[PDB]
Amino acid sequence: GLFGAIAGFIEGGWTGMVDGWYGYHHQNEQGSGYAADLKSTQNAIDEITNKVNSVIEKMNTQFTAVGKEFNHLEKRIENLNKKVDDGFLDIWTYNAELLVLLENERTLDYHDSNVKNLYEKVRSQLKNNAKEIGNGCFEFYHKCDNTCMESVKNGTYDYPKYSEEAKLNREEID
């Protein structure tokens, strides 16, 4: 992974999360569950579909009857014609394959970048009020219920409102 997220510090994916590409998994006193980040997942879809359409729609082809007919005394022009068809073959075949290899690599890097960005977005909000226990998880230093947890997902986490409680739990474990 170019960004070291997918198959990186987050070892595996979630079969449990079936409503999106990227998302969260919360766990508190009110239970646990899977959730998908709709906004980031949507943008990802739009941009990938625009990437597929670009590879497909940019191919505008002339009307052409490839076939040609030459008699027993037109062997040279027949081979010239053959060389032209073979030329386009080798040119298009090579370009197609590599276009697929290279773009495939970028697509996987793309998703990877998205997961990393999402991780840094949560970490940036939690700041000190939480701990990074690895595997792409955050352990809160305070009591984060369902309302609190939901505010992290939508980027409206109130750090100051948990700071005091966090510090006490923090310094004890520190």
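Heads up, when I say rigid core I mean the largest set of C-alphas that superpose within 1.5 Å between the two forms. Counting begins at 1, following the sequence as shown.
Handout entry: in 8 other deposited structures of this protein, rigid core aligned: more displaced of 101-109 and 25-33 by C-alpha RMS
Key = If we average over structures and residues in 8 other deposited structures of this protein, the farther stretch is 25-33.
Problem - Entry-level comparison of average CA B-factors, 119-127 and 102-110, reporting the higher stretch - result: The entry gives the higher C-alpha B-factor average to 119-127.
Handout entry: 138-146 versus 59-67 - which carries the larger mean C-alpha B factor in the record
Key = The deposited B-factors put 138-146 ahead on the C-alpha mean.
Handout entry: Chain third (lowest, middle, highest) by recorded CA B-factor, residue given as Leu2
Key = According to the entry, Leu2 has a C-alpha B-factor in the chain's lowest third.
Handout entry: Chain third (lowest, middle, highest) by recorded CA B-factor, residue given as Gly16
Key = Its C-alpha B-factor, which the entry lists for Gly16, ranks in the middle third among residues of this chain.
Handout entry: Record-listed C-alpha B factor of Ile48: chain third
Key = Lowest third of the chain for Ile48's C-alpha B-factor.
Handout entry: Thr41, C-alpha B-factor rank within chain (lowest, middle or highest third)
Key = As the PDB entry reports it, the C-alpha B-factor of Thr41 lands in the middle third of its chain.
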